[PDB]
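Shown next as structure tokens: one chain only, the form deposited without ibandronate (BFQ).
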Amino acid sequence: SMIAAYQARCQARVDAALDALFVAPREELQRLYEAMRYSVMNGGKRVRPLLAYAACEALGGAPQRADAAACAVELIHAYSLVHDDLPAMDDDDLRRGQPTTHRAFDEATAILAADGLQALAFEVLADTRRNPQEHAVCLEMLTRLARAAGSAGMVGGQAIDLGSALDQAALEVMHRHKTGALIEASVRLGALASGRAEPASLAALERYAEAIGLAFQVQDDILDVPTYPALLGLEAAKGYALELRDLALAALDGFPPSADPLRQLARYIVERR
């Protein structure tokens, strides 16, 4: 039950690292960089960074090895939200009570700040001073993030959602892309940064990540009340959240104690209110 403290450590660390990325290299770029900062440094909970750090630790790596991975996944996350808020998409004036970037600045600046954040996520992984892994591991991290962030993962999920009656299978297809791909990548990138990845471990961590990404979405529908409770019934939806947590924990069977943060996070997701 120190998942809260684990979250707070991960957030403080990744926040410091992210904040350092938003220094305009010349004066004409100051507003752009302020918009980028405003779009990331918004008191978010940094679950994706948490996942990168915890995955790294689950395989025995010191967590600071995952700092670039943590930044990269948060940058992809933050850029996706800026675009999602835009009037052509979700058209939100607020995000967690605060003006969205296109309201605080302007629409063009929001489109562009977020574009710059996506490039920066890749920059941060390719940079061998910030991400000092073996070169082949850096490339695999970049590969995985590009596939997860793009039109076959996250962006694809946004298009599926836009394009959606819907049965359970199709709802799951959507979530698996829209949020699952980047959750799985956060876990995968942290695991790579451990220096101890092995195929069987990576697979197990992927099963974990698939289960939790879904658990979160089921539990969120439950807390709200074409949703998991409408589809399954409220009480069966609650049962399914438990089954997902269980699948997550079973995927971690045989991992050492250093995987406890991942176990605790899986419980936390279904125990929240």
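Rigid core here is just the name for the largest C-alpha set that superposes within 1.5 Å across the two forms. Start at 1 with the first residue shown and count on from there.
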Comparing 64-72 to 229-237 by root mean square Cα deviation from the shown form in 5 other deposited structures of this protein, core aligned, the larger deviation is found at 229-237
Unmodelled deposited residues flanked by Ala62 on one side and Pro63 on the other = none
Should the segment between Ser164 and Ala165 be described as having none, 1 to 3, 4 to 9, or 10 or more unmodelled residues of the deposited sequence?
-> 1 to 3
Stretch exceeding the other in mean C-alpha B-factor - 187-195, 146-154 = 187-195
Taking the recorded C-alpha temperature factors, which stretch has the higher mean, 263-271 or 3-11?
-> 3-11
By the entry's C-alpha temperature factors, tell me which of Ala236, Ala69, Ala209, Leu244 sits highest.
-> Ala236
Highest-ranked of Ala35, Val218, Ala230, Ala204 once sorted by CA temperature factor in the record | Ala230
Which third of the chain does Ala54 land in by C-alpha B-factor: lowest, middle or highest?
-> lowest
Sorting the chain's modelled residues by C-alpha B-factor and splitting them into thirds places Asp92 in the highest
CA B-factor placement of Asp106, once the chain's modelled residues are sorted into thirds | middle
Entry-reported C-alpha B-factor of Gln168 relative to its chain, by third, is highest
In terms of the CA temperature factor given in the entry, to which third of its chain does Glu134 belong: lowest, middle or highest?
-> highest
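Keep in mind that the form deposited with ibandronate (BFQ) bound is not shown, yet the notes after this line are about it.
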Out of 189-197, 119-127, 136-144, 78-86, where are the residues with a heavy atom within 4.5 Å of ibandronate (BFQ) in the deposited bound form?
-> 78-86
Of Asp93, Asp167, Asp106, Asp90, the one that lies within 4.5 Å of ibandronate (BFQ) in the deposited bound form (heavy atoms) = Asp90
Might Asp220 be said to contact ibandronate (BFQ) in the deposited bound form, defining contact as any heavy atom within 4.5 Å?
-> yes
Interface membership of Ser201, ibandronate (BFQ) in the deposited bound form, 4.5 Å heavy atom rule | no
So in the deposited bound form, does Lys178 come within 4.5 Å of ibandronate (BFQ), heavy atom to heavy atom?
-> yes
Heavy atom to heavy atom, is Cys71 within 4.5 Å of ibandronate (BFQ) in the deposited bound form?
-> no
Are all three residues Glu27, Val40 and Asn42 in contact with ibandronate (BFQ) in the deposited bound form, where contact means a non-hydrogen atom within 4.5 Å?
-> no
